[PDB]
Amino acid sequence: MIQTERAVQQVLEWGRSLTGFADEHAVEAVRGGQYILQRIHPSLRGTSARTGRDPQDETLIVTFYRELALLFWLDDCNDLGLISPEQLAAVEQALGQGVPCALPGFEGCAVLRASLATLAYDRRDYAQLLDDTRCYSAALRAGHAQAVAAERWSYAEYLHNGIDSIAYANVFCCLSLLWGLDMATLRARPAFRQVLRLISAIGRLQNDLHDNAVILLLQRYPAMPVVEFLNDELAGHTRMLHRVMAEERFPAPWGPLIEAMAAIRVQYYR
């Protein structure tokens, strides 16, 4: 229910406590975040009586947008070198362990992680979010290494890393943390873990078509019709996802949520 610009202002307010944070980070966060929240709104309405978490709770909504902003900011920090390597390392340790940053200029890290901890419906989801953050950080730095001071790895390594760097796992975990979506339990299902990997691969492939899959393959296998291959790969991952989602029915709002992510395009938020 919170209005778009007020949400941006709330995200920006917190964002100023992070060196390198830009207005763009807050805007993208709210745009991507609203896209998702709007598509799972009908479902969240149905789980609300049970959980006690309101789909329109401003506190939950802005916290979610702040996590998205943090992820956008980190990606830029990593790729555009907005802060020093020492600072990025200190920031990633803090966000990955859930402790305050040891270097100054990044107070927002401790503040957001504390709110998430405090607001967690099922605290297992908070520990998972810290795990996903460490995976995200590792992937951003490994991907960044590849594009330059490297000797390109295999498409396999590329995709495995890109699945972590696309951060869909993080987004899902944060939503589960805030609205009590029981992701920690759902993960016990193999079909669930597999769809997580699939929607993440779908997102990584789509983003790169629109470390990058095309650039990597073309400069490693120039004769190879790279772009054709990838679209095929993307359609393949999509068929597998459709299959698994059919074979198994996940509790609400998971169906709508995965659907929303497959349909989302970097273009609608970036």
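Don't overthink the numbering: it's just position in the shown sequence, from 1.
Where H210 is followed by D211 in the displayed chain, the model omits 10 or more of the deposited residues that sit between the two. Comparing 111-119 with 142-150, the higher mean C-alpha B-factor in the PDB entry belongs to 142-150. Between the stretches 7-15 and 255-263, it is 255-263 that shows the larger average CA temperature factor. Across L60, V30, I40, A49, the entry's maximum B-factor at the CA atom is seen for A49.
Per the deposited coordinates, the residue with the largest Cα temperature factor out of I202, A26, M245, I36 is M245. Ranked by C-alpha B-factor against the other modelled residues of its chain, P190 falls in the highest third. Sort the modelled residues of the chain by CA B factor and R66 lands in the lowest third.
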